[PDB]
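Participant: Below you'll find target25.txt; it's compact mmCIF, C-alpha atoms.
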# COMPACT_ATOMS: atom_id res chain seq x y z
CA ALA N 1 30.92 -43.88 54.67
CA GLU N 2 31.48 -40.86 56.93
CA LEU N 3 34.61 -39.30 58.33
CA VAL N 4 34.91 -39.55 62.11
CA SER N 5 38.59 -38.95 62.84
CA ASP N 6 39.09 -35.37 61.78
CA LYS N 7 42.87 -35.52 61.67
CA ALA N 8 42.54 -38.21 59.00
CA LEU N 9 42.86 -35.53 56.34
CA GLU N 10 46.34 -34.56 57.48
CA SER N 11 49.55 -35.12 55.54
CA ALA N 12 53.03 -35.90 56.91
CA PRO N 13 54.88 -32.95 58.49
CA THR N 14 57.31 -30.70 56.64
CA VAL N 15 59.91 -32.37 58.83
CA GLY N 16 61.14 -35.71 57.57
CA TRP N 17 62.02 -37.58 54.40
CA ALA N 18 58.41 -38.53 53.73
CA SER N 19 57.99 -34.91 52.71
CA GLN N 20 61.02 -34.71 50.45
CA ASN N 21 60.88 -35.04 46.68
CA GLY N 22 57.10 -35.05 46.91
CA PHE N 23 54.44 -34.98 49.62
CA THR N 24 52.83 -37.89 51.45
CA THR N 25 49.09 -37.28 51.56
CA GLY N 26 47.59 -40.76 51.83
CA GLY N 27 43.95 -41.03 50.78
CA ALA N 28 43.17 -37.43 51.73
CA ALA N 29 41.79 -36.79 48.26
CA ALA N 30 39.46 -39.77 48.74
CA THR N 31 35.87 -39.42 47.58
CA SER N 32 33.11 -40.02 50.12
CA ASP N 33 32.75 -43.52 48.60
CA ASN N 34 36.40 -44.12 49.37
CA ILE N 35 36.07 -43.20 53.00
CA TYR N 36 35.40 -46.41 54.91
CA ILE N 37 34.99 -47.59 58.50
CA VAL N 38 36.10 -51.22 58.84
CA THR N 39 35.55 -53.33 61.92
CA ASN N 40 36.82 -56.68 60.74
CA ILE N 41 39.17 -58.31 58.24
CA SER N 42 36.54 -58.80 55.53
CA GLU N 43 35.60 -55.11 55.49
CA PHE N 44 39.25 -54.14 55.73
CA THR N 45 40.36 -55.98 52.60
CA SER N 46 37.04 -55.13 51.04
CA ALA N 47 37.98 -51.45 51.31
CA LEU N 48 41.67 -51.90 50.44
CA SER N 49 40.59 -53.23 47.03
CA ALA N 50 39.99 -49.64 45.94
CA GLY N 51 43.66 -50.09 45.05
CA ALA N 52 45.53 -47.05 43.77
CA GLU N 53 42.40 -44.93 44.41
CA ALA N 54 42.59 -42.26 47.10
CA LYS N 55 41.04 -43.84 50.20
CA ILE N 56 40.58 -43.19 53.92
CA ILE N 57 40.18 -46.43 55.90
CA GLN N 58 39.12 -45.95 59.53
CA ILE N 59 39.85 -48.77 61.98
CA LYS N 60 37.19 -49.40 64.63
CA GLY N 61 38.08 -51.85 67.38
CA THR N 62 40.38 -54.84 66.86
CA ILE N 63 40.86 -56.29 63.40
CA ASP N 64 41.70 -59.96 63.61
CA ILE N 65 43.50 -60.61 60.31
CA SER N 66 43.11 -64.33 60.95
CA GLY N 67 39.37 -63.82 60.77
CA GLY N 68 38.97 -66.10 63.75
CA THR N 69 40.43 -69.12 61.97
CA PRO N 70 43.97 -69.84 63.14
CA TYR N 71 46.56 -70.47 60.45
CA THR N 72 47.00 -74.15 59.58
CA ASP N 73 50.50 -73.84 58.15
CA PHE N 74 53.05 -71.52 56.53
CA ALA N 75 51.18 -71.52 53.22
CA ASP N 76 47.95 -70.69 54.92
CA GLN N 77 49.50 -67.86 56.91
CA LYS N 78 51.36 -66.54 53.89
CA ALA N 79 48.11 -66.64 51.94
CA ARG N 80 45.85 -64.93 54.46
CA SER N 81 47.92 -62.90 56.96
CA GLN N 82 49.96 -60.58 54.72
CA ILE N 83 47.65 -57.59 54.24
CA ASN N 84 48.76 -55.22 51.50
CA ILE N 85 48.32 -51.44 51.63
CA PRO N 86 47.68 -49.94 48.13
CA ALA N 87 49.02 -46.60 46.96
CA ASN N 88 47.36 -43.43 48.31
CA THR N 89 45.96 -44.95 51.44
CA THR N 90 45.43 -43.58 54.92
CA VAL N 91 44.75 -46.25 57.51
CA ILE N 92 43.75 -44.28 60.60
CA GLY N 93 42.65 -45.61 63.96
CA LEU N 94 39.52 -44.39 65.67
CA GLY N 95 39.81 -43.59 69.34
CA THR N 96 42.14 -45.57 71.54
CA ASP N 97 41.58 -49.22 70.60
CA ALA N 98 42.37 -49.29 66.86
CA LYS N 99 44.17 -52.65 66.86
CA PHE N 100 45.39 -55.30 64.40
CA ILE N 101 46.32 -58.86 65.29
CA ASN N 102 47.63 -62.09 63.79
CA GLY N 103 48.96 -60.33 60.71
CA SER N 104 51.36 -57.98 58.97
CA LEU N 105 50.72 -54.63 57.32
CA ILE N 106 52.60 -54.80 54.02
CA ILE N 107 53.52 -51.70 52.01
CA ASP N 108 54.95 -53.48 49.00
CA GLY N 109 55.81 -51.16 46.13
CA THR N 110 55.92 -53.88 43.46
CA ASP N 111 52.62 -52.66 41.98
CA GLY N 112 53.75 -49.06 42.36
CA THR N 113 52.56 -48.54 45.94
CA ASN N 114 53.44 -45.13 47.41
CA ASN N 115 52.07 -42.28 49.49
CA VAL N 116 50.79 -44.26 52.48
CA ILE N 117 49.85 -43.16 56.00
CA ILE N 118 49.31 -45.73 58.75
CA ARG N 119 48.20 -43.75 61.75
CA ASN N 120 46.91 -44.12 65.30
CA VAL N 121 46.74 -47.92 65.35
CA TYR N 122 48.13 -50.77 67.47
CA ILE N 123 49.69 -53.72 65.66
CA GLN N 124 50.44 -56.72 67.82
CA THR N 125 53.32 -58.71 66.33
CA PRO N 126 52.20 -61.87 64.50
CA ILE N 127 53.06 -65.41 65.69
CA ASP N 128 54.50 -67.67 62.97
CA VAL N 129 52.82 -71.09 63.12
CA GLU N 130 55.53 -72.83 61.09
CA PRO N 131 59.04 -71.39 61.69
CA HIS N 132 61.81 -72.68 59.48
CA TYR N 133 64.88 -74.35 60.98
CA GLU N 134 68.17 -72.94 59.73
CA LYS N 135 70.38 -75.73 61.10
CA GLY N 136 73.03 -73.99 63.19
CA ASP N 137 70.83 -70.91 63.49
CA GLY N 138 67.90 -72.83 64.96
CA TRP N 139 64.30 -71.69 64.53
CA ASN N 140 63.50 -68.52 62.59
CA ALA N 141 60.13 -66.75 62.40
CA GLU N 142 58.89 -65.18 59.18
CA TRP N 143 56.38 -62.34 59.55
CA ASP N 144 56.76 -58.80 60.91
CA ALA N 145 54.23 -56.25 62.12
CA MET N 146 54.81 -53.99 59.15
CA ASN N 147 57.04 -54.34 56.13
CA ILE N 148 57.92 -51.62 53.64
CA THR N 149 59.63 -53.10 50.60
CA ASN N 150 60.05 -53.26 46.80
CA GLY N 151 60.61 -49.58 46.17
CA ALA N 152 57.72 -48.39 48.30
CA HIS N 153 58.11 -44.67 48.99
CA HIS N 154 56.53 -41.71 50.77
CA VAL N 155 55.09 -43.57 53.74
CA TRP N 156 54.24 -41.91 57.03
CA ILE N 157 54.00 -43.93 60.25
CA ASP N 158 52.53 -41.78 62.99
CA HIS N 159 51.15 -42.61 66.43
CA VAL N 160 51.52 -46.29 65.72
CA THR N 161 52.33 -48.88 68.36
CA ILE N 162 54.12 -52.12 67.53
CA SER N 163 54.40 -54.56 70.44
CA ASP N 164 54.49 -58.27 71.23
CA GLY N 165 51.26 -57.91 73.18
CA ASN N 166 49.73 -60.86 75.01
CA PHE N 167 52.50 -63.04 73.65
CA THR N 168 56.00 -62.09 74.68
CA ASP N 169 59.24 -64.01 73.93
CA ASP N 170 59.38 -65.47 77.45
CA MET N 171 56.29 -67.50 76.57
CA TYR N 172 58.10 -69.24 73.78
CA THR N 173 58.02 -72.98 73.86
CA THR N 174 60.79 -75.30 72.75
CA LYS N 175 60.60 -77.66 69.80
CA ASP N 176 63.27 -80.35 69.37
CA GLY N 177 65.49 -78.99 72.15
CA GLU N 178 65.48 -75.58 70.50
CA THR N 179 63.55 -72.42 71.28
CA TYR N 180 60.49 -72.18 69.01
CA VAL N 181 61.03 -68.60 67.88
CA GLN N 182 57.74 -67.27 66.53
CA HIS N 183 58.39 -63.53 66.18
CA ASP N 184 60.37 -61.86 63.36
CA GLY N 185 61.28 -58.16 63.31
CA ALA N 186 58.74 -55.53 64.28
CA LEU N 187 59.25 -53.03 61.46
CA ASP N 188 61.21 -53.62 58.26
CA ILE N 189 62.15 -51.24 55.48
CA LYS N 190 63.95 -52.87 52.59
CA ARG N 191 64.59 -53.48 48.90
CA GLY N 192 64.72 -49.94 47.51
CA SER N 193 62.00 -48.32 49.63
CA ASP N 194 62.56 -44.61 50.32
CA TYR N 195 61.24 -41.37 51.88
CA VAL N 196 59.87 -42.60 55.18
CA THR N 197 58.92 -40.71 58.33
CA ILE N 198 58.04 -42.47 61.59
CA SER N 199 56.89 -40.21 64.40
CA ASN N 200 55.06 -40.27 67.70
CA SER N 201 55.18 -44.05 67.65
CA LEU N 202 55.83 -46.73 70.23
CA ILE N 203 57.63 -50.02 69.67
CA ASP N 204 57.41 -51.83 72.99
CA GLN N 205 58.61 -55.30 74.06
CA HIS N 206 60.36 -56.99 71.17
CA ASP N 207 63.66 -58.63 70.17
CA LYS N 208 64.78 -57.93 66.58
CA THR N 209 63.05 -54.65 65.94
CA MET N 210 63.68 -52.36 63.00
CA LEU N 211 65.84 -53.57 60.16
CA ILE N 212 66.48 -51.16 57.34
CA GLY N 213 68.30 -52.57 54.33
CA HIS N 214 67.66 -56.32 54.77
CA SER N 215 70.76 -57.50 52.93
CA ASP N 216 74.26 -56.09 52.61
CA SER N 217 74.69 -57.54 49.11
CA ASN N 218 71.56 -55.91 47.69
CA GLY N 219 73.56 -52.66 47.69
CA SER N 220 72.92 -51.43 44.14
CA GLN N 221 69.18 -51.33 44.84
CA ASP N 222 69.57 -50.01 48.37
CA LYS N 223 72.43 -47.61 47.56
CA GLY N 224 71.36 -44.00 48.12
CA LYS N 225 67.80 -44.89 49.17
CA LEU N 226 66.16 -45.83 52.46
CA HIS N 227 65.99 -42.31 53.87
CA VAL N 228 64.15 -42.64 57.19
CA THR N 229 63.37 -39.88 59.70
CA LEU N 230 62.40 -40.91 63.19
CA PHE N 231 61.37 -38.36 65.77
CA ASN N 232 59.33 -38.23 68.99
CA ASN N 233 59.06 -42.01 68.98
CA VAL N 234 59.59 -44.30 71.96
CA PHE N 235 61.50 -47.57 71.80
CA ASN N 236 60.74 -49.34 75.08
CA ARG N 237 61.91 -52.83 76.15
CA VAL N 238 63.24 -53.57 72.62
CA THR N 239 66.28 -55.85 72.54
CA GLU N 240 68.17 -54.64 69.50
CA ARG N 241 67.95 -52.59 66.36
CA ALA N 242 66.27 -49.20 66.66
CA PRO N 243 67.42 -48.75 63.28
CA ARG N 244 69.88 -51.45 62.29
CA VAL N 245 70.68 -50.03 58.89
CA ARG N 246 72.55 -50.98 55.71
CA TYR N 247 72.81 -48.22 53.09
CA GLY N 248 70.05 -46.16 54.63
CA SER N 249 70.34 -42.60 55.86
CA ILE N 250 68.68 -42.57 59.28
CA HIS N 251 67.76 -39.33 61.07
CA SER N 252 66.73 -40.19 64.63
CA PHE N 253 66.19 -37.08 66.74
CA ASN N 254 64.34 -36.32 69.98
CA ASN N 255 63.38 -39.96 70.38
CA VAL N 256 63.06 -41.78 73.69
CA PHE N 257 64.91 -45.06 74.20
CA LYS N 258 64.35 -46.83 77.52
CA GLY N 259 65.51 -50.30 78.44
CA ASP N 260 67.67 -52.41 80.76
CA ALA N 261 70.93 -54.22 79.95
CA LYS N 262 69.80 -56.91 82.39
CA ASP N 263 66.11 -57.07 81.50
CA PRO N 264 64.70 -60.57 82.13
CA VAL N 265 63.00 -60.82 78.71
CA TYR N 266 64.37 -58.20 76.29
CA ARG N 267 67.98 -57.51 77.22
CA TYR N 268 69.25 -54.18 75.91
CA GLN N 269 72.05 -54.71 73.41
CA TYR N 270 72.13 -51.40 71.52
CA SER N 271 69.86 -48.98 69.71
CA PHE N 272 71.55 -47.77 66.58
CA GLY N 273 73.29 -50.47 64.57
CA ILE N 274 75.49 -48.99 61.87
CA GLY N 275 75.57 -51.63 59.17
CA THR N 276 77.23 -51.95 55.80
CA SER N 277 77.28 -48.57 54.04
CA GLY N 278 74.83 -47.16 56.59
CA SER N 279 74.64 -43.68 58.13
CA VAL N 280 72.82 -42.41 61.22
CA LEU N 281 72.40 -38.86 62.55
CA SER N 282 71.29 -39.00 66.17
CA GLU N 283 70.30 -35.79 67.93
CA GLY N 284 68.59 -34.78 71.13
CA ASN N 285 67.79 -38.40 71.94
CA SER N 286 67.21 -39.77 75.44
CA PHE N 287 68.94 -43.04 76.29
CA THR N 288 67.76 -44.44 79.62
CA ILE N 289 69.39 -47.81 80.03
CA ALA N 290 69.25 -49.44 83.45
CA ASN N 291 72.56 -51.08 84.32
CA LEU N 292 74.59 -49.08 81.82
CA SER N 293 77.52 -47.08 83.11
CA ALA N 294 78.41 -43.82 81.38
CA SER N 295 81.86 -45.38 80.95
CA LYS N 296 80.21 -47.84 78.57
CA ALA N 297 78.02 -45.36 76.72
CA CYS N 298 79.16 -46.77 73.36
CA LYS N 299 77.01 -49.77 73.95
CA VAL N 300 74.11 -47.75 72.51
CA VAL N 301 75.58 -47.64 69.00
CA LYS N 302 77.11 -50.87 67.73
CA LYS N 303 79.10 -51.41 64.53
CA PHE N 304 78.68 -54.05 61.86
CA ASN N 305 80.11 -53.24 58.46
CA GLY N 306 79.51 -49.54 58.77
CA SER N 307 80.90 -46.52 60.52
CA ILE N 308 78.99 -43.35 59.71
CA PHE N 309 77.35 -42.23 62.93
CA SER N 310 77.04 -38.81 64.55
CA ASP N 311 75.22 -37.81 67.73
CA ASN N 312 74.35 -34.40 69.11
CA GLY N 313 73.21 -33.37 72.54
CA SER N 314 71.62 -36.70 73.34
CA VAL N 315 71.59 -38.05 76.89
CA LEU N 316 72.27 -41.28 78.75
CA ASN N 317 70.46 -41.53 82.04
CA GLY N 318 69.70 -37.82 82.29
CA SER N 319 73.22 -36.63 81.46
CA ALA N 320 75.03 -35.59 78.28
CA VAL N 321 76.75 -38.44 76.47
CA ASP N 322 79.87 -38.45 74.37
CA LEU N 323 79.94 -41.14 71.73
CA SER N 324 82.92 -39.43 70.08
CA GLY N 325 85.36 -41.96 71.47
CA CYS N 326 83.38 -44.89 70.02
CA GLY N 327 85.21 -44.57 66.69
CA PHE N 328 82.77 -43.51 63.97
CA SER N 329 83.03 -41.25 60.95
CA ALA N 330 80.95 -38.10 60.84
CA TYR N 331 77.60 -37.82 59.09
CA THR N 332 78.52 -35.29 56.36
CA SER N 333 75.37 -35.50 54.24
CA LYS N 334 72.86 -32.68 54.54
CA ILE N 335 69.35 -32.81 55.92
CA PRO N 336 67.23 -31.14 53.19
CA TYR N 337 64.29 -30.27 55.43
CA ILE N 338 64.34 -27.70 58.19
CA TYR N 339 63.85 -28.97 61.72
CA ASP N 340 64.01 -28.04 65.38
CA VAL N 341 65.75 -30.52 67.62
CA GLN N 342 64.61 -29.60 71.13
CA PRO N 343 67.12 -29.89 73.96
CA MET N 344 66.38 -33.24 75.60
CA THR N 345 65.22 -32.92 79.21
CA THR N 346 63.43 -35.04 81.79
CA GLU N 347 60.33 -33.00 81.03
CA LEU N 348 60.67 -33.46 77.27
CA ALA N 349 61.43 -37.15 77.35
CA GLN N 350 58.67 -37.49 79.92
CA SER N 351 56.34 -35.60 77.58
CA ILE N 352 57.39 -37.59 74.52
CA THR N 353 56.58 -40.78 76.48
CA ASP N 354 53.03 -39.63 77.17
CA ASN N 355 52.15 -38.78 73.56
CA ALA N 356 53.89 -41.64 71.71
CA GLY N 357 51.84 -44.53 70.38
CA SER N 358 48.29 -45.20 69.22
CA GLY N 359 45.22 -44.14 71.19
CA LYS N 360 46.97 -40.83 71.87
CA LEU N 361 46.25 -38.75 68.80
How does this structure look as C-alpha cells?
Facilitator:
Amino acid sequence: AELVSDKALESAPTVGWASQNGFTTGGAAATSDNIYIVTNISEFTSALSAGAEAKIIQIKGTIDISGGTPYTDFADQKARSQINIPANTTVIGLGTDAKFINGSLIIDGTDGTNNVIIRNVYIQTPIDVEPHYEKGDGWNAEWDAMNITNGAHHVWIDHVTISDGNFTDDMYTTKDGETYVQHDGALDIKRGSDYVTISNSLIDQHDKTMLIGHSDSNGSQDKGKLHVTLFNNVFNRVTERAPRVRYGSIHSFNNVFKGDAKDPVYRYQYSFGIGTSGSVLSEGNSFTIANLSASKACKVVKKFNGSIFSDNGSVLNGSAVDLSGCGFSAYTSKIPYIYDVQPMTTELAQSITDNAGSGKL
C-alpha cells in the first residue's frame, strides 16, 4: 500500500532511552509491500504477520480487536484480544480517529521483539469479561492497554492516548457483594524490557496506571534495566502510578500531571511511586492537584520499598515545590543523552496539554 502519514518515517528523538545503545526506527526501512493501511482487526493482524520484517502499519478509523464478537470467557479473550507487535514495526495513526478497542497492544520480546513505534493512536482500555477473585483482594482484572515485557527493548510511544473511554470505573457493577473490577493497568513495562521513550502522550481517566517492574522479587532480571524516559506527556484524572517503578530508572521531565485528591471517580493518590530498588528523576514537571495544600506536597511522590527520587524545578499548582523534606535519596546516576528541560510555566503546561495525545500529530 501507500504512505499517507508522512511523519511515519520518523525515528525516536535523540532525547530519551529509546535512543540509547541503539536507535529505534520502527518499520521505517519497510518495503512498499510492507507499508499497509488497516481498517479492521483482520487486516491489522494480517499485516502484523510480516513479523520481524520492517513494516509501516497505518491505522484508519477504529480497530475493534474483538472483531464485533464479544469475548465469551477468559480463554476466549486471552486467545483473541492480546495483539502482538513484531520487531521493527511502526503502528501509526492516520488523522485524528486512529483508535483501538476491546484489546491490548502487546510488545512481548520473547521472540526477540524490539525497535517498535506505536504512534498517534487512541487505545481504549479493555474490559475483562472474567475477572479472577483473589479472596481478600476481591476481583482483579487481567488485561492492560499496552504491555511491554519479556526483554522487549527500544520502543517509542509517541502521541498515544490511553483512556478508559466510554466505560469508566464508576460504571462498574458488583458481583457477589464485591465490585466487579474489569480494568487492569493502562501501561505496563516489565520482565527485563529496556530503552523506552514515551512522549507527547495522554493517559486520561484510569485507576492503576503505569507499572514498571511488575514484581519486586524478579530483581535479577529487572536489575539495571527498565530505563524509561517520559516527557511532554499528560497524566489526567489517573488515580495512581505515573510510574510506579521497581528497579527501573525513570526520567520524567516537563510532563503535565493534573488531578484532584477528591475526584469523584479517580481520586489522586500520587504520581511517582518509588518502589523496590527504583529510581526517578523528575524535572520541570507541572503538578496541578485540586485539594492539595503545598504543605502536603509530598503526596505526589509516595514510597514503597524504594527511596531514590530527585525533583528539579517542578511546580505544584503554579508554584515551585520542594520535595526535599519528603525523605528520599538523590538520583546519582547520569543521563547519557543530552536534553533541555524547559522551565515549567502556565504557558508551557498549557501548551503541553494541547499537543499531548493522539489526533494531534
Participant: Build an axis-aligned box that encloses every atom of stretch 204-212 of chain N listed in the file, pad it by 6 Å on each side, and report its centre and edge lengths in Å to one decimal, as JSON.
Facilitator:
{"center_x": 61.9, "center_y": -54.9, "center_z": 65.7, "size_x": 21.1, "size_y": 19.5, "size_z": 28.7}
Participant: Can you build me a table of stretch 88-148 of chain N residues sitting at most 10 Å from stretch 29-52 of chain N, with the closest atom pair per residue and its distance in Å to one decimal, using only C-alpha atoms, sorted by chain and residue number, as CSV?
Facilitator:
residue,atom,partner,partner_atom,distance
N:88,CA,N:52,CA,6.1
N:89,CA,N:52,CA,8.0
N:90,CA,N:30,CA,9.4
N:91,CA,N:48,CA,9.6
N:92,CA,N:37,CA,9.6
N:93,CA,N:37,CA,9.6
N:94,CA,N:37,CA,9.1
N:98,CA,N:39,CA,9.3
N:99,CA,N:39,CA,10.0
N:100,CA,N:41,CA,9.3
N:111,CA,N:52,CA,9.2
N:112,CA,N:52,CA,8.6
N:113,CA,N:52,CA,7.5
N:114,CA,N:52,CA,8.9
N:115,CA,N:52,CA,9.9
Participant: Distance atom CA of residue N:337-atom CA of residue N:156, one decimal place?
Facilitator: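 These two atoms are separated by 15.5 Å.
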Participant: Do a neighbour search on residue N:126 at 7 Å with only C-alpha atoms, toss out local chain neighbours closer than 3 positions, and write the hits as an NGL selection string.
Facilitator: :N and (101-104 or 143-145 or 183)
Participant: Could you check which residues have any atom within 6 Å of (71.5, -36.3, 66.5), counting only C-alpha atoms with coordinates taken straight from the file, and then list them as an NGL selection string?
Facilitator: :N and (253 or 281-284 or 311-312)
Participant: Please return as a ChimeraX atom specification every residue within 12 Å of (69.3, -40.0, 78.4), taking into account only C-alpha atoms and the file's own coordinates.
Facilitator: /N:254-259,283-290,292-294,297,300,312-322,343-350
Participant: Hey, can you check how far atom CA of residue N:73 sits from atom CA of residue N:193?
Facilitator: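 One can read the atom CA of residue N:73 to atom CA of residue N:193 distance as 29.3 Å.
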Participant: Find, counting all atoms listed in the file, the residue in N:249, N:84, N:182, N:147 that gets nearest to residue N:210.
Facilitator: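 The closest residue to residue N:210 is N:147.
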Participant: Under the rule that all atoms listed in the file are counted, which of N:54, N:116, N:238, N:308 is the nearest residue to residue N:207?
Facilitator: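 Checking each of N:54, N:116, N:238, N:308 against residue N:207, counting all atoms listed in the file, the winner is N:238.
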Participant: Rank N:65, N:77, N:59, N:194 by their smallest atom-to-atom distance to residue N:24, using only C-alpha atoms, and report the top residue only.
Facilitator: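 For residue N:24, the nearest of the candidates is N:194.
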Participant: Would you work out the distance separating atom CA of residue N:87 from atom CA of residue N:197, expressed in Å to one decimal?
Facilitator: 16.2 Å
Participant: Pick out the closest residue to residue N:235 from this set: N:171, N:162, N:330, N:105. Count only C-alpha atoms.
Facilitator: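 Using only C-alpha atoms, residue N:235 sits closest to N:162.
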Participant: Counting all atoms listed in the file, figure out which residue out of N:274, N:123, N:106, N:211 gets nearest to residue N:83.
Facilitator: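 Nearest candidate to residue N:83 out of N:274, N:123, N:106, N:211: N:106.
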Participant: Kindly output stretch 192-206 of chain N as a short mmCIF file (atom, residue, chain, number, x, y, z; two decimals), in the coordinates of the input, after building N, CA and C atoms.
Facilitator:
data_model
loop_
_atom_site.label_atom_id
_atom_site.label_comp_id
_atom_site.auth_asym_id
_atom_site.auth_seq_id
_atom_site.Cartn_x
_atom_site.Cartn_y
_atom_site.Cartn_z
N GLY N 192 64.97 -51.17 48.26
CA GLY N 192 64.72 -49.94 47.51
C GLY N 192 63.71 -48.93 48.02
N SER N 193 62.98 -49.25 49.08
CA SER N 193 62.00 -48.32 49.63
C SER N 193 62.70 -46.99 49.95
N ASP N 194 61.94 -45.91 50.07
CA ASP N 194 62.56 -44.61 50.32
C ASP N 194 61.56 -43.57 50.83
N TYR N 195 62.07 -42.46 51.36
CA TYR N 195 61.24 -41.37 51.88
C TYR N 195 60.22 -41.82 52.90
N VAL N 196 60.71 -42.12 54.10
CA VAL N 196 59.87 -42.60 55.18
C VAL N 196 60.03 -41.76 56.45
N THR N 197 58.90 -41.47 57.09
CA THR N 197 58.92 -40.71 58.33
C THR N 197 58.06 -41.43 59.36
N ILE N 198 58.70 -41.80 60.47
CA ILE N 198 58.04 -42.47 61.59
C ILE N 198 58.11 -41.49 62.74
N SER N 199 56.96 -41.17 63.31
CA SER N 199 56.89 -40.21 64.40
C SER N 199 55.86 -40.58 65.44
N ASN N 200 56.00 -40.02 66.63
CA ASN N 200 55.06 -40.27 67.70
C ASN N 200 54.62 -41.72 67.82
N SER N 201 55.53 -42.64 67.56
CA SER N 201 55.18 -44.05 67.65
C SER N 201 55.86 -44.77 68.79
N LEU N 202 55.31 -45.93 69.14
CA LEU N 202 55.83 -46.73 70.23
C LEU N 202 56.06 -48.18 69.87
N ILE N 203 57.31 -48.62 69.92
CA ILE N 203 57.63 -50.02 69.67
C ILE N 203 58.03 -50.50 71.06
N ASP N 204 57.20 -51.37 71.63
CA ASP N 204 57.41 -51.83 72.99
C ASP N 204 57.34 -53.34 73.24
N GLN N 205 58.46 -53.88 73.73
CA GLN N 205 58.61 -55.30 74.06
C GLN N 205 58.81 -56.15 72.84
N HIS N 206 60.04 -56.19 72.35
CA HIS N 206 60.36 -56.99 71.17
C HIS N 206 61.87 -57.20 71.01
#
